[PDB]
There are 2 protein chains.
Amino acid sequence: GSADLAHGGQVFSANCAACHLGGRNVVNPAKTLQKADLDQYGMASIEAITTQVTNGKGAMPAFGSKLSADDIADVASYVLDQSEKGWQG
Amino acid sequence: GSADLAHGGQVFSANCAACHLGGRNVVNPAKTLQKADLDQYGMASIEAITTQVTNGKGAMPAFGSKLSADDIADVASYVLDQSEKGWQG
Ligand code: HEC
Ligand code: HEC
C-alpha cells in the first residue's frame, strides 16, 4: 500500500490533529498515539490503524467517506512512524 | 417526534458527554451546546440537532446507524432543553 509519510503528515494535520495534536488524544488521554498506548490496545499496526480510521470507533469519527484508501494508508504510516520516533508538538 | 427529555439525557451521557460534558465542546470550544453558539450556527432547533447527530460533521462522529430515530430525537430534545435552561456540570 501507500506509505507516503510526508503526505500522511498532511492528512494527519487536516483530519486528526483536532483530537490527536502531538500524538495526544484530547477526547481520551488514556488512548493516545504514543507507542505504549498503541501497544496496550493492539493498535501498533498499519492494519489496525487503517481499520479504525476508515470505520471510526467510539467517539472517533470514521474517515472512509472523506479520505482515499491511499490517504488512510499514508496517515497510518505517519502515525506509526511518529510513534516510533517519539511524537512532537 | 419523540421528546423524552430524561431518556435524552441518558442518550447524551452514553454518546455525547465524552465531548460535550456540561454543554461544552472539548474538541472545538467555539462550537459548544450553549445557547449563544447554537443560535449563532443555526443549531438551536430539534431538526438541526437530529440531522447533525445522524450524519456527523467534521470531527463530530455520526450516530445515524447506532441510535434509533427516537433516541436521536430524545437527545436533541435534551440538548435544546439544557441549552435554553443553562447547562450544568
Ligand atoms: C476526535 C473527534 C478524533 C479525531 C478527529 C481523530 N481521533 Fe483517533 N481517537 C479518538 C478517540 C476518542 C479514540 C479512542 C476511541 C476508542 O473509544 O477506543 C481514538 C483512537 C485512535 C487510535 C488508537 C489509539 C490508542 O489505542 O491508544 C488511533 C491510532 C487513532 N485514533 C488515529 C486517528 C487518526 C489517524 C485520525 C485522523 C484520520 C484520528 N484518529 C482522528 C478521537 C479522534
Ligand atoms: C467528540 C468526538 C464529539 C462527540 C462524541 C459529539 N460531538 Fe457534537 N460536536 C463535536 C464537534 C467537533 C462539533 C463541531 C463540528 C463542526 O465542525 O461544526 C460538534 C458540534 C455539535 C453541535 C453544534 C454545536 C454548535 O453549533 O455550537 C451539536 C448540537 C452537537 N455537536 C450535538 C451532539 C450530540 C447530541 C452528540 C451525542 C449524540 C454529540 N454532539 C457528540 C464533537 C463531538
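All values below come from the heavy atoms of this structure, side chains included, with hydrogens, waters and symmetry mates left out. Below, read A as the first sequence line, B as the second, and so on, with proteins coming before strands; counting in each chain starts at 1.
- Note on residues 56-82 of chain A: pairs passing ring-ring contact (aromatic ring centres under 6.0 Å, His included), not counting sequence neighbours, are A:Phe12-A:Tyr78, A:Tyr78-A:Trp87.
- In this structure, B:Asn15 and B:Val75 have side chains that are not in contact, with every pair of non-hydrogen atoms separated by 4.5 Å or more.
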Output a table of donor-acceptor pairs, distance under 3.5 Å, between side-chain atoms of residues 49-62 of chain A and any protein atom two or more places apart or on a different chain; print 'none' if there are none.
residue: A:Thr50; atom: OG1; partner: A:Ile46; partner atom: O; Å: 2.8
residue: A:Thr51; atom: OG1; partner: A:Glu47; partner atom: O; Å: 3.0
residue: A:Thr54; atom: OG1; partner: A:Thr50; partner atom: O; Å: 2.7

Please set out all donor-acceptor pairs under 3.5 angstrom arising from side-chain atoms of residues 17-30 of chain B, sequence neighbours excluded.
residue: B:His20; atom: ND1; partner: B:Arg24; partner atom: O; Å: 2.8
residue: B:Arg24; atom: NH2; partner: B:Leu21; partner atom: O; Å: 3.3
residue: B:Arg24; atom: NH2; partner: B:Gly89; partner atom: O; Å: 3.1
residue: B:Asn25; atom: OD1; partner: B:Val27; partner atom: N; Å: 3.0
residue: B:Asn25; atom: OD1; partner: B:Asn28; partner atom: N; Å: 2.9
residue: B:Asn25; atom: ND2; partner: B:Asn28; partner atom: O; Å: 3.4
residue: B:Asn25; atom: ND2; partner: B:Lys31; partner atom: O; Å: 2.9
residue: B:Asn28; atom: OD1; partner: B:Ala30; partner atom: N; Å: 3.0

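- Residue pairs satisfying the salt bridge (charged side-chain N to carboxylate O under 4.0 Å, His left out) criterion with at least one member in residues 59-82 of chain B, sequence neighbours excluded, are listed as follows: B:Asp81-B:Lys85.
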Considering only distance and modelled atom types, tabulate donor-acceptor pairs under 3.5 Å from the side chains of residues 36-44 of chain B, sequence neighbours left out.
residue: B:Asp37; atom: OD2; partner: B:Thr32; partner atom: N; Å: 3.0
residue: B:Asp37; atom: OD2; partner: B:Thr32; partner atom: OG1; Å: 2.7
residue: B:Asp39; atom: OD2; partner: B:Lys35; partner atom: NZ; Å: 2.7

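- Clustering ILVMFWY residues whenever any of their side-chain heavy atoms sit less than 4.5 angstrom apart, transitively, puts B:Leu5 in a cluster other than the one holding B:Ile72.
- A distance of 8.0 Å separates SG of A:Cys16 from CG of A:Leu33, quoted to the nearest 0.5 Å.
- Not one N or O on the side chain of B:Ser83 forms a donor-acceptor pair closer than 3.5 Å with the backbone of B:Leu80.
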